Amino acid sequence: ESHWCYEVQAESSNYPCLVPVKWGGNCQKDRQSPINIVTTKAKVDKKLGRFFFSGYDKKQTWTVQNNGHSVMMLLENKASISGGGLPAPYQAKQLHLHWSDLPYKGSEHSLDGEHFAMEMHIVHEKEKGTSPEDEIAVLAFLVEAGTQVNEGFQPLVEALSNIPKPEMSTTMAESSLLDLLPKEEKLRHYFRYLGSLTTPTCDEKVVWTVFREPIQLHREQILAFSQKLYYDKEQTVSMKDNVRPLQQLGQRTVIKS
């Protein structure tokens, strides 16, 4: 029985694995993610207010792990968001990233056809009792190189050395989620659409937010993900290009704040 993989991993080894075109679950349905967002066709909707964050400010030591597909930090319901047009508070479950080693191919979403060097996803789950297509709220930040070191990221980057192989975990030095995000001014403009998880089983229960302004990291910070992390316990295939191909918008529309 073969298991799901990204294209780069079928291309780089003898392992039979299900490339994205052949993924099971809900991955072949029609409200899938990621997508290309034509920014001029996204209409402003004033229901889309500022996000409020909470526990994002608190400095913590987080578990971060290599699950064979990405690096994931486990957020354990220690933070939450509301506003942003969302119907309730959503509790933060995990944060992971998608990336390449070249500047124009590591993001999952694209804006007006441009792809970025990485994309970070902070996955949250709707809190119950306020009342399915918006059970999961994913905050997606696009990442490109900049001249400066993004210091907030350094404890994530440094922990990568301790989790080179799939199934390894480690603990990051004290760090807050806010250290990963840009200033609140950069959080004003975002795009919104309803879609899916981007790995199997690709359940169509996500309310997506893609912030318009990319985060910046130093090029060596971005490169560390592909230089330190592997898709295989033999460490023969560097983890990069863990990116699902673009899906069809279909009937859906994208709106923006």
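Here the rigid core means the biggest group of C-alpha atoms that line up within 1.5 Å when the two forms are laid on top of each other. Residue indices: 1-based, along the sequence shown.
Between 88-96 and 183-191, the larger mean CA deviation from the shown form in 8 other deposited structures of this protein, after core superposition, belongs to 183-191.
Stretch 143-151 is the one, of 143-151 and 157-165, whose CA positions lie farther from the shown form in 8 other deposited structures of this protein once all structures are superposed by the rigid core. The entry shows a gap from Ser131 to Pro132, with 4 to 9 unmodelled residues of the deposited sequence in between. Judged by mean Cα B factor in the deposited record, 164-172 ranks above the other of 134-142 and 164-172. Annotation for 190-198 versus 214-222: the higher mean temperature factor (C-alpha) is found in 214-222. Of the candidates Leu111, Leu181, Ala117, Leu74, it is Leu181 whose Cα B-factor is highest according to the PDB record. Ranking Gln60, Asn36, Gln32, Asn67 by Cα temperature factor from the entry places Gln60 first. In this PDB entry, the Cα temperature factor of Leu229 sits in the middle third of its chain's modelled residues. Among the modelled residues of its chain, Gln148 has a C-alpha B-factor that falls in the highest third, as given in the PDB entry. The PDB entry assigns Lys105 a C-alpha temperature factor belonging to the highest third of its chain's modelled residues. Annotation for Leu48: CA B-factor lies in the highest third of the chain's modelled residues. Placement of the Cα temperature factor of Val21 within the chain: highest third of the modelled residues, per the deposited record.
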